[PDB]
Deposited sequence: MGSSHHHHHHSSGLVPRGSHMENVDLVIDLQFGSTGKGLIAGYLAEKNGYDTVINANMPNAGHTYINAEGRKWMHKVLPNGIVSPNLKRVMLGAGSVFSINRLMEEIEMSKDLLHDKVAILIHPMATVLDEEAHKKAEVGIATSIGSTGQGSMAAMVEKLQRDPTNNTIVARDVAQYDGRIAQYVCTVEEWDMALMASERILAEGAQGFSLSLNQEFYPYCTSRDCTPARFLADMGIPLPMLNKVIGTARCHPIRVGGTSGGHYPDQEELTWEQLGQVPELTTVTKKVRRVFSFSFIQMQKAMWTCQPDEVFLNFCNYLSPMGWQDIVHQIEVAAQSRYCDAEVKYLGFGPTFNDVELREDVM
């Protein structure tokens, strides 16, 4: 019932490859429920051992789970039905009769991002075209997926193990120091759980994802980092401390280690752990990303 939510969060600028560890964790743990509350994004990629690629902007990367029973798009979701239908059709095989795709009634339906989220907040009683409950009344494409709040809560209750997939990245948080060069929401576990309607006691663990060289999609960076519309930055220990403090991951996935010398990514493994420790976070780098595929995720304990 409780402590059954593994929440994958990004500790930096949103391009740490959350999608990779989400897919990897889904395959390893076999979550019956996968959940997110994605707003429009460049996509989240997952590549399995067999080389099958999933580039999801809407659907959780966790849909690869062998025990997939429920696919849940949170209240905080801001999605294009077109994109959603495209992703469902592309994973048709994984989204069979025994897989329930639940769109939260209050998920924001994108017309044909900011204007959509704002229109939802406007709470215009006449506007029956912004939330999924309302759009589902004339758009049959989502009606089959759009559940009630009660059904949403009931789907979470009936979920054995849940993979929650946080969006963007911690430093892109609306209320982090880079404002207004940030996203429209906090990219913190508290906000993700809020946007997916996940009650706090359901949180099992936070899987924090990092890149050795964090990348920004023109935004502003941390003082202990420098540039190396993509802007590659050197690792920021301060970014990590801040991400550690707020996000408090239990486990860290350090990705794009393949782009650095052993000393390079190993130093960042140690830096992340120092940052975690410095911010009362028992987080340990457990997973290492050495490529975009399931096969490239290494247990940190096996490689260092």
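- Against the full deposited sequence, the model leaves out several stretches, namely 1-19, 132-151, 257-259, 271-287.
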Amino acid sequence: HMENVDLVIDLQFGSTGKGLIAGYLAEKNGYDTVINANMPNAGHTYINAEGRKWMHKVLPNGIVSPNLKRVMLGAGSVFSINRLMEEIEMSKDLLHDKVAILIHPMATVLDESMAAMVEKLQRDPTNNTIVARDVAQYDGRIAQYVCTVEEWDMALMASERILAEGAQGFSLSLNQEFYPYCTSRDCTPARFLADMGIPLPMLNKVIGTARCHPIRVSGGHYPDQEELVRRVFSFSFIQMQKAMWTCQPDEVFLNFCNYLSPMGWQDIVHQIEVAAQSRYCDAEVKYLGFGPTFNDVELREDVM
From here on, numbers count along this sequence of modelled residues.
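Throughout, rigid core stands for the largest set of C-alpha atoms superposing within 1.5 Å between the two forms.
- Per-stretch RMS Cα distance to the displayed form in 6 other deposited structures of this protein, following rigid core alignment, is highest for 113-121 when 74-82 and 113-121 are compared.
- Across the two stretches, 113-121 and 69-77, the PDB entry reports the greater mean Cα temperature factor for 113-121.
- For the pair 175-183 and 89-97, the mean Cα B-factor is higher in 89-97.
- If you compare the C-alpha temperature factors of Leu203, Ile162, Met106, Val217 in the entry, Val217 comes out highest.
- When the Cα B-factors of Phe192, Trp152, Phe233, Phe170 are read from the PDB record, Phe233 comes out highest.
- Ranked by Cα temperature factor within the chain, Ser261 sits in the highest third according to the deposited record.
- In this PDB entry, the Cα temperature factor of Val146 sits in the middle third of its chain's modelled residues.
- Per the deposited record, the Cα B-factor of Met55 falls in the highest third when ranked against the other modelled residues of its chain.
- Ranked by C-alpha B-factor against the other modelled residues of its chain, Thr16 falls in the middle third.
- Split the chain's modelled residues into thirds by C-alpha temperature factor. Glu251 is in the middle one.
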